[PDB]
């Protein structure tokens, strides 16, 4: 058999544009943790997960319990994660809404997934097979991703580093320009607009403008639940049939269900269906028609496959949600999406917004050609951890002065009167 001998949880941080969202605005650096496991016969499995204080704490408490364990026994791993979290109680019940790493409800799922992806990568190296083959084989050889557009300011407050190439985007012109730039460099066939920040009427106009500038392109809008139902309706009337799907315009299962019933539009979510019980409750109300998968908080890659199959059973579409991430997450997203027959929609990604120098794998930033990630025959995730690069971002983590993400606190540096509201509009 086989046994794990060394587990390394490494918190890191990397630069992030001043991206606007419903909560406020992104901080100069985004947190992350990098997982690396190693076996008695010298094989390495990589993992990537949330870096926020609560999530780190669990990862660090789990790691020490993993030495001398069979990497096939994911069931035992789950049991251990469940023991660790049960012993941590009580825990803070309100974290940052848009940062799943700070969600108490996802304590077990976040932690189990962090190591699950590493355990399977290990298994795949040992077998000399790409990761997707452990999951049942590639259904497709290229996974399409979408263009993740943000409204943004020119630069971060107090200029912590050198301003970015993109520049500000606060009008339909610059949004188009931002998209044009994205699609050229990466080849995306689908467009998503992060909304809930600028006035809704204006945010709608930015999508119309993308219709003209990019006809035949699937369009997605995501106010992250920051619009009331009344507003969600009025905006649906202006949008018509321009969207591929209408993602979390209004909060709550009941509000979503009422919105769909009244407008007929296909709704997607990553906020009202985030676990299996929420799926059960959604299905009973017909709240959503598409569910965004995310392996990071849904409890891993196999759990994501389980969700996809349930979505199929209940007549729901399957898409994919993202948080700022590097190469290990990207390959992980791609590998599981490549293995599920009914993931038609293009997966969301943050990759374009991350800097080329600040990647943690060998070979620099991974390639997205034709808006798709290629699934090669390289064993596991087909990735090697650049240790010098790791140390650099680990050290940047120590100096950034950030331990848990807060978009609300960050926007308060710009408007002092800013308070979290939901739904704002």
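Residue numbers count along the first chain shown, from 1.
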The stretch whose C-alpha atoms carry the larger average B-factor in the entry, 292-300 or 177-185, is 177-185
I need to verify one thing: averaged over C-alpha atoms only, is the B-factor higher for 192-200 or for 271-279?
192-200
By the entry's C-alpha temperature factors, tell me which of 312, 258, 168, 222 sits highest.
168
Going by the entry, which of 106, 321, 88, 325 has the most elevated CA B factor?
88
Record-listed C-alpha B factor of residue 353: chain third
middle
Relative to the other modelled residues of the same chain, rank the CA B-factor of residue 405 and answer lowest, middle or highest third.
lowest
Residue 39: CA B-factor among chain residues, third -> highest
How does residue 122 rank on Cα B-factor within its chain, lowest, middle or highest third?
highest
Third of chain Cα B-factors occupied by residue 159:
highest
